[PDB]
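In what follows, one protein chain appears twice in different forms, each by itself as structure tokens: structure 1 and structure 2.
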Structure 1
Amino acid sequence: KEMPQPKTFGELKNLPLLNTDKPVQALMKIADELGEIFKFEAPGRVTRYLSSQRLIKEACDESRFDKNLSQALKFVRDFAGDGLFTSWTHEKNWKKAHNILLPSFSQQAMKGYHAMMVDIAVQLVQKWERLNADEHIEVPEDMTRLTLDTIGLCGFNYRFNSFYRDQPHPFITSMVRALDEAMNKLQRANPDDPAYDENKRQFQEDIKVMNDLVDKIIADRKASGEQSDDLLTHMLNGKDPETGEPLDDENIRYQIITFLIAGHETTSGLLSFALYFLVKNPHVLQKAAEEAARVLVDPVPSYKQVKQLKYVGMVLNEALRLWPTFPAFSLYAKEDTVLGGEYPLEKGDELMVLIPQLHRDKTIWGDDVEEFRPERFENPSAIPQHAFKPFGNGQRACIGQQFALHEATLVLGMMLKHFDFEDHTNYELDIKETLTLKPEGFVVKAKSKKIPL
């Protein structure tokens, strides 16, 4: 159709547009200007950004499109390896690990993780109970402490003890710096230029630090013989029904690194955005707090009680609507095909699904798309197909969805039961972009309702 394309910079084509610390937000504005589809070129490379439910519903057809590793994911793959998130669907270790780990991530398995989630959630509540009169909370910082700890504990019985520290754990320093370097590689003609030798040296170091530390966690567990009901145990013992094979220790390492990435990056952002919207929308906070008080009648919340926090669940979905914390996923055409009746694609052609824009499609949600209204999610059946994709699509959808939502619902429920919140700075949303999105500098004050634990 003579596809729309944003401004170009001679031989660099569109690449300079991503030379910014907020590339996703830049892409969202481009989508606002250009519409449901735009081409994005750089030297030697092209992708097409999709923003409408009309086109994205075709992109979600697994017979036509499969998951692609974006350039960022190809760089994350240098340390996340062939774990689930950075593997191609056709790689043997993808379907093997997928089949082995699904049972570990089901709604049923959440019952088993619940106690350990409560352990970390209570540490959060206690921290906040123990703050003095005039003190405030650094929201994304504390949400990250929580979610990292939760996956460490539930994942491999390891306590990061984030609420005991200011300094991040050695693994995290390397992980964050690796993630940063992976995103920075996306703006470099001549990667072999000696000006990046220190960047490369640091990256290799960081890779080796994560490996050495995770490999030791594996080794120690094999050595102890302990059978704690966690992801590491299920990976050590599990066999893929198809091949009959277990995961090898290298792949297990990559899965653990992957889970730590997820638990540090994604769920913490969700909790941070949810709290942000609640303090910006007092009527919604009140309704959520009402439910929390009504449902969480015991000092320790139970698994069943978390399932009964329906409005808290809707609040989280609405937070995921506006700011899906992993904001884009990539696809490639399995064969030649035509998108939307108008855009012919060849086998191998790539697409990027711009999730925050999909979630702002006024044809789907109505004109009030920027408003925070959890009630939009009262009935999944009234939401059109492929309109809401915060956890991606199909067989390559987020394996951690049930875990993330259970943790987030539990913690947000507890938070709303135990405290009233003040937006004491009238915080202005400022979204930092790493692998994920987070509200940087978001702070609040929390006044205890003095309900015992």
Structure 2
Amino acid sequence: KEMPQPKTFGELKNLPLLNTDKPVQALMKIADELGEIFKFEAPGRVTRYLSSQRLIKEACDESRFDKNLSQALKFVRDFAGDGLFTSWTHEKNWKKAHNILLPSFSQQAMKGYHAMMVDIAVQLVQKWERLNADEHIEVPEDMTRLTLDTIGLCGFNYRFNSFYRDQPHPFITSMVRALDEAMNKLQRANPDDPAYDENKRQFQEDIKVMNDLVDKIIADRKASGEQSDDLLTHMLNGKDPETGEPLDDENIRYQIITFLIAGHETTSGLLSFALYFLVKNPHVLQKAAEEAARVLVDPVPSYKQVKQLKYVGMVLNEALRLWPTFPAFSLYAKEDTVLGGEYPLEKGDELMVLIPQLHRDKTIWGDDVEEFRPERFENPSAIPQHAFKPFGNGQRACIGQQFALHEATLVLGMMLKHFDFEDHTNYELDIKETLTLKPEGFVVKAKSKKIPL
């Protein structure tokens, strides 16, 4: 039985297929042509891309497969270290940090973060209230200002003040450039070529910038002793119940860098896609706006009011179905095993879960998988197990899921309460790929409903 494989480039095998600005979208097209599984080879490396719920449900069995660091994550590890996102499950610091931080990311914890989320959300709305008549909004740029500032503030009581700037904060410049470099390393044949020497030097300079700001943030909080109820305070004080150990300061840095990466890259994309779908589907926008108007009856939304925004939740989940913003995750076989009754795997063999394809599995979702329909999530127990995984799988799933959904629900709810929206350019979806997916160049006009804050 021969597993499908895309086109090759002689000795380089499939590698040059990733020499593109849009590798995930390319892989989606290959998946459409080849089906639920294909092998992908490079010099000295092989993986298998999975696209169907029936295979992915097996891949998600944690007794058989564990999280793998893709080559992308191995490069991100050069600045995110053994933080939660780029550590192996068997490294002592994973379970330790996981145990310490899980309570700080719970739904109940969101009650405590809510006030600071509102602070940044109000800044966004005020920005849009203050635009002149025929000016427009640069959507992913503003969502990124919001999401980065929220995690900065909620997490570590640090204000990036992104709405006060055109040029990002120096940490963000370095982080964005470090991420770009990490993703660019995947797609260059002969990575030791002299041309890439300057890229490597700038990389080391960006890592240093990140470490020095965050180390300083940690040291400052240690030296002040201030008990600001946030992630940083929790990490400086908390002990892992299992080992009885706290995180050391180096690992705390790695977690902070990791949360900032997450806040910048991934939540902003969700909000950007959600707004994109709303302006392309005005009946959905109407339903979401009506809910926002009916529910958010006070100038400052409450935690309880955000929980009440069911339809806005459904909008966000349908946006995640179509464009899960961190679109692939990797697994390895813990032991020899056979996938799907058909594909034998050896210990250590790697799998890639193509989340956007899983979410277009017609045998699960129906034939209309490209349509934006939030009512797919109106009665969510209808969704089969492992059919919807925008936040990954099992113990290695996104720790920030509740944070991200709370922020996104609050913000999207406020946006729909306060403004009508116009797709003035009839924007053509163009998806930029970094660590994540975003709708590049998405612009709208927002006409104020003149409801005070």
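Residues that one form lacks are left out of the comparison. Numbering for residues begins at 1 and runs along the sequence of structure 1. We call the rigid core whatever largest set of C-alpha positions still superposes within 1.5 Å between the two forms.
In a rigid core superposition between the two structures, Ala195 is the single residue of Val338, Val300, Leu131, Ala195 whose Cα is displaced by 2 Å or more. Summarising the core-aligned comparison between the two structures, the C-alpha atom of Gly263 is found to shift 0.2 Å. At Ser381, the distance the Cα travels between the two structures is 1.2 Å after the core is superposed. Displacement of the C-alpha atoms by 2 Å or more across three or more consecutive residues between the two structures, following core superposition, is confined to the single run 187-195.
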